[PDB]
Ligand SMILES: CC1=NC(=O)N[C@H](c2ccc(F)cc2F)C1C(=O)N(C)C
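One chain comes next, on its own, written as structure tokens: the form deposited without this ligand.
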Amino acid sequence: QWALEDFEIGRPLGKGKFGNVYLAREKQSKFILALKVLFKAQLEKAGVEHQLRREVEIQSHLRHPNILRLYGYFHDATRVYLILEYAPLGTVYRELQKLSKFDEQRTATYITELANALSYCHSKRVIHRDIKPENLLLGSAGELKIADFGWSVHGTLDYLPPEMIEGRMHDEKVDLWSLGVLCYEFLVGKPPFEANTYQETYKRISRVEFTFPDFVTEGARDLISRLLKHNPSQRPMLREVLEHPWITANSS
């Protein structure tokens, strides 16, 4: 049974949606890790405590170098504590601010690491949703780590149509749209559908209206255009992304 008594609390790593994250050290092993404190008060009033518990159980069994490791968890009267792998190099979003934009090697290596973790979860019947640069942390070796909870595992009837008893929404096909948006932003520095207002961004996502700057090579354009399909079923498989010539030629 884990307890707050087992950890030495250090500097705060930052503040999240429902609490704070601290650098910590397990007292017996002297092992450095991150302790994410989530207040049940604002978790229950946001209506996400049930959603969170499901996402924590799924992540507790995921072991992949490109997925932030959840070692364990515990709780008290008002808080829930998550024992997490500490990522020392920060977020990809901030690294993209430091470098303005990534080159083709770093971009293809990031896509390779993302596609490996997603294909690992695909084999483990785990599906991931939308992926942001802010939810991507970097380990000590420069490898990225998916660091969010967006994981999922998946009489009257006589009158229901198939679109209400089947499936249905949504399969492991949104992560492929995310690979297209991320790969674009990594190479360019901006998301492909960013606009001056809300409805203009909404329209350009609905019609898939994006263009490439003149410094984006044909291999990157080919990968981004195949990932960014309005039809989810026509987006590649995760194996095709890992075997794409631009990826196999530029990935580390």
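Only the largest set of C-alpha atoms that superpose within 1.5 Å between the two forms is called the rigid core. Note that residue numbering begins at 1 and tracks the sequence as displayed.
Problem set entry | Gap size between residue 155 and residue 154, counted in deposited residues that the entry leaves unmodelled | Gap between residue 154 and residue 155: 10 or more unmodelled residues.
Problem set entry | Stretch with the greater mean C-alpha B-factor as recorded in the entry, comparing 46-54 against 63-71 | Mean CA B-factor is higher for 46-54.
For this session: Tell me which of 167-175 and 100-108 has the higher mean C-alpha B-factor in the deposited entry.
Result: Higher mean C-alpha B-factor: 167-175.
Exercise. Between 126, 117, 131, 82, which carries the biggest CA temperature factor in the record?
Worked result: Among 126, 117, 131, 82, the PDB entry lists the largest C-alpha B-factor for 126.
For this session: Going by the CA temperature factor in the entry, name the top one among 88, 161, 180, 150.
Result: Spelled out: the listed residue with the top C-alpha B-factor is 150.
Problem set entry | Where the record places residue 16 (Cα B-factor, split into thirds across the chain) | Residue 16: CA B-factor falls in the highest third of its chain.
Problem set entry | Chain thirds of CA B-factor: placement of residue 202 | Ranked within chain, residue 202 CA B lands in the highest tercile.
Problem set entry | Within-chain third of residue 185 by Cα B-factor, per the entry | According to the entry, residue 185 has a C-alpha B-factor in the chain's lowest third.
Problem set entry | Among modelled residues of the same chain, the CA temperature factor third for residue 224 | Tercile = lowest for this residue's CA B-factor.
Exercise. Among the modelled residues of its chain, does the C-alpha B-factor of residue 137 lie in the lowest, middle or highest third?
Worked result: Its C-alpha B-factor, which the entry lists for residue 137, ranks in the lowest third among residues of this chain.
Absent from the display: the form deposited with this ligand bound. The rest refers to it.
Exercise. Would residue 174 sit within 4.5 Å of this ligand in the entry with it bound, counting heavy atoms only?
Worked result: Residue 174: no, not in contact with this ligand in the entry with it bound.
For this session: Classify residue 101 as contacting or not contacting this ligand in the entry with it bound by the rule of any non-hydrogen atom within 4.5 angstroms, answering yes or no.
Result: Answer no; every heavy atom of residue 101 is more than 4.5 Å from this ligand in the entry with it bound.
Exercise. For residue 188, is any heavy atom within 4.5 Å of this ligand in the entry with it bound, or not?
Worked result: No, residue 188 is distant from the partner.
For this session: With heavy atoms only and a cut-off of 4.5 Å, decide whether residue 226 touches this ligand in the entry with it bound.
Result: The answer is no: residue 226 has no heavy atom within 4.5 Å of this ligand.
For this session: Just give me the residues of 69-91, first to last, that have a heavy atom within 4.5 Å of this ligand in the entry with it bound.
Result: 73, 75, 80 sit within 4.5 Å of the partner.
Exercise. After the core is overlaid between the shown form and the other one, has the C-alpha of residue 99 moved by 2 angstroms or more?
Worked result: Residue 99 C-alpha, core-superposed: shift of less than 2 Å.
Exercise. Core-aligned, does residue 169 move its Cα 2 Å or more between the shown form and the other one?
Worked result: Passes the 2 Å threshold, so yes.
Exercise. Quick one: core overlaid, is residue 198 moving 2 Å or more at the Cα between the shown form and the other one?
Worked result: Yes, the C-alpha moves 2 Å or more.
Exercise. Looking in the entry with it bound, are the Cα atoms of residue 233 and residue 162 closer together or farther apart than here, the change being 3 Å or more?
Worked result: Between the C-alphas of residue 162 and residue 233, the gap narrows in the entry with it bound (3 Å or more compared with this form).
Exercise. Between residue 167 and residue 48, does the Cα distance in the entry with it bound come out closer or farther than in this form, changing by 3 Å or more?
Worked result: Residues converge in the entry with it bound, at least 3 Å closer.
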